[PDB]
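Coming up is one lone chain in structure tokens, specifically the form deposited in one PDB entry.
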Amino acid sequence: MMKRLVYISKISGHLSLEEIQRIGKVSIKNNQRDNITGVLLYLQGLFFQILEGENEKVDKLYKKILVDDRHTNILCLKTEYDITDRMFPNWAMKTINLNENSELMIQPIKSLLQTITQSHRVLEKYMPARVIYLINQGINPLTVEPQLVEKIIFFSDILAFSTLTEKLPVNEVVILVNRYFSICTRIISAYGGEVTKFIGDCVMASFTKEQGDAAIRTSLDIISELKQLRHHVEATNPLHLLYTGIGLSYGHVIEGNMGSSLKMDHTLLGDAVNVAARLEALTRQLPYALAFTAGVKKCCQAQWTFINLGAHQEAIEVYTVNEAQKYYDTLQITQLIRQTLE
């Protein structure tokens, strides 16, 4: 049984022709050994490669290509299973430099390939992490049926954001929100979470039921990095006033494509979505920057010092960890933010 995969990647730094040639050599010898065939194209700092052969031999090779130093931002676009015929049966690995092709009849298809691929890499950034995951696994996300899954829902936004938008210039708000989004997205993804969307100044993400401790560590790391950043910059920098509240929930959610032909989107339906956003807002009245449900506590194996914060509106038990304790008074900080921006 043979499979065929196609991926694109970003060329790491500047690779000269001899190192690219070095890839072609070692590829030809190894692919001949593993009976693997394919084509490698590169154009304007992007790699294009098609691989075909036995499933084990191809998947063994792709794991090694993933950890290669010479390219980054790897996305597998298509995986064809149970293929009957090779597409390039006489090319162990044919390397083609599309940059050096100056033939006039090939310029249209070469120009289109560059334009659509560069546009493709832009659209990838706006996708939910779940959509990129399905494409990477060779699954068309448009034909996946929605499923009831057990998810930890993550919500985090900016403290006193109404005051920040009221007093700061728009360009200064954008710099602050982009930095907040960058910190949250990097940490969530580092712990295996999946960012769903940005809603105003709010970051929505999900974790699996096996990632309870990772969800808590994500929340504490975001709080820790914001605390570091606030004393990194000067008092005239709006980042000096950046705080966050975080809420976590756990429950059954329907994940999949929702909408119509006018607008379809990756959506999460469930009570846990509403609950996580409510606990996120509840942190404003709590001496803790993180609040989560009993279900999230049940998903944790680490020895957290869980703190019961009573029942809140049916009514749900609210928990936190001792590490999430605020070294400040929330009301005084909101006053300090407004006073600083006066």
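Residue positions are given as counts along the sequence shown, with the first one as 1.
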**Prompt:** Checking the other PDB entries with both flanking residues built, is residue 14 absent in a third or more?
**Reply:** yes
**Item:** Gap size, residue 304 back to residue 303 (deposited sequence, no coordinates)
**Value:** none
**Item:** Segment of higher mean CA temperature factor, 159-167 or 139-147
**Value:** 139-147
**Request:** Identify the stretch, either 54-62 or 290-298, whose C-alpha atoms have the larger mean B-factor according to the entry.
**Result:** 54-62
**Message:** In terms of recorded Cα temperature factor, pick the maximum from 241, 106, 129, 173.
**Reply:** 106
**Asked** What's the residue among 134, 222, 235, 254 with the greatest CA temperature factor in the PDB record?
**Response** 235
**Message:** Which third, lowest, middle or highest, does the C-alpha temperature factor of residue 249 belong to within its own chain?
**Reply:** lowest
**Asked** Mind checking which third residue 324 falls in for C-alpha B-factor across the chain?
**Response** lowest
**Message:** By the recorded C-alpha temperature factor, relative to the other modelled residues in its chain, which third is residue 86 in?
**Reply:** highest
**Message:** By the recorded C-alpha temperature factor, relative to the other modelled residues in its chain, which third is residue 210 in?
**Reply:** lowest
**Asked** What third of its chain's C-alpha B-factors does residue 276 belong to: lowest, middle or highest?
**Response** lowest
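Not pictured, yet referred to below: the form deposited in another entry.
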**Message:** Between two rigid parts that rotate between this form and the one not shown, there's a hinge somewhere. Which of 80, 35, 182, 144 is there?
**Reply:** 144
